[PDB]
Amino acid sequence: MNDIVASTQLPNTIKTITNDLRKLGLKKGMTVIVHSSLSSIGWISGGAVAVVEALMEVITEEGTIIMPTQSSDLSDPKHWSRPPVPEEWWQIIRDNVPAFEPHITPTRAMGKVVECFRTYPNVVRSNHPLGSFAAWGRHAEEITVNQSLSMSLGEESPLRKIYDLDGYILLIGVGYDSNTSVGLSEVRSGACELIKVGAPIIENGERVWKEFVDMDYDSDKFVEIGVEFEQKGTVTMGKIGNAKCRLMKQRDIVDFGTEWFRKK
C-alpha cells in the first residue's frame, strides 16, 4: 500500500480512469470482457468500486461488461496441484464442500475488481460451479444464461456468446495468462485432454456432487500465443494510471489461438 502510494503522482479516480478508458478505445454500447489487477493502476480513490463505476460509466447499460467469476475451490481435489492435499481428504471434501450458489460463492484468483463487480445490483452470474462468468448491461442475460456443465469454456459458454457479438477483451495490468477467452481457442483446436471432473451443485434445492467432463485447460501457452499474436499489430495499448493495458477484438485472438494450437 505504501509503495502504490509512492509510485503515484496524483490519485486515480472514477473521472481519470474514465478518460483513460475512452482514450484507449472503450466506448458506449460496446461488449467487453475485462481482466484486471487493481494495484497495477496505482493508488485509486475508491479502489475496486471506482474501477467498476468507470467501466459502467463508459460502456453504459446499452453496452455489456463481462468478467470471469471462477471458483476452483469447489473442484475435485484429485487434480489439485497449485496447493495439493492428502488422498484421505479427497472423499471428505467431495461429501462436505458447500454447493455453488451464484449470489453466495466467492471467486478465487479473480481479484477485488471481480469480487466487487459480481455483487453489484443488476449484475447477473452464470450457472457454472467452477467456470462461471458475471455480466452487466444490454446482453447480460443472453451471455450468462444456459451455460453447459461439461465444456465450461466451449461453444455453449459465455465465451462463444461474446464471440458472436463480436466483442472485445480488455486487459488492465495483466497479460495473456489471464485472458480466459483463449480457452475457447483450446476447445476449438482440441489442445488439451479431456478429464472426468466434479463439483457440488444445488439439484432440487438439494446439495449434489455432480461428475461431468471438461478439458484440462492450460494457460501455460497463452503468454506465448499473445506475444506472437501481437506481432500483427491489432492490439491497442495504453495506460490506465500506471497500468499497461490492452484492447483487442475477442474474435481476433480466439481465431489466432485456434490456428496457433493446430499448427503444433
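All residue numbers are counted from 1 along the displayed sequence.
Per the PDB record, is the mean Cα temperature factor higher over 176-184 or over 73-81? Averaging CA B-factors over each stretch, the winner is 73-81.
202-210 versus 64-72 - greater average Cα B-factor per the deposited record: According to the PDB entry, the answer is 202-210.
Per the coordinate record, which of the options 93, 140, 113, 153 holds the highest CA temperature factor? In this record, 93 carries the highest C-alpha B-factor of the candidates.
Comparing recorded Cα B-factors across 195, 225, 48, 237, which one is largest? By C-alpha B-factor in the record, 195 ranks first.
Hey, what third does residue 220 fall into on Cα B-factor, ranked over its chain? For residue 220, whose C-alpha B-factor we compare with every modelled residue in the chain, the answer is the highest third.
Considering only modelled residues of the same chain, in which third does the CA B-factor of residue 25 rank: lowest, middle or highest? Its C-alpha B-factor, which the entry lists for residue 25, ranks in the lowest third among residues of this chain.
Sort the modelled residues of this chain by their C-alpha B factor and say whether residue 14 lands in the lowest, middle or highest third. Residue 14: CA B-factor falls in the middle third of its chain.
Ranked against its chain, the third holding the CA B-factor of residue 121: Ranked within chain, residue 121 CA B lands in the middle tercile.
Could you look up the Cα B-factor of residue 86 in the entry and say which third of the chain it sits in: lowest, middle or highest? Top third by C-alpha B-factor.
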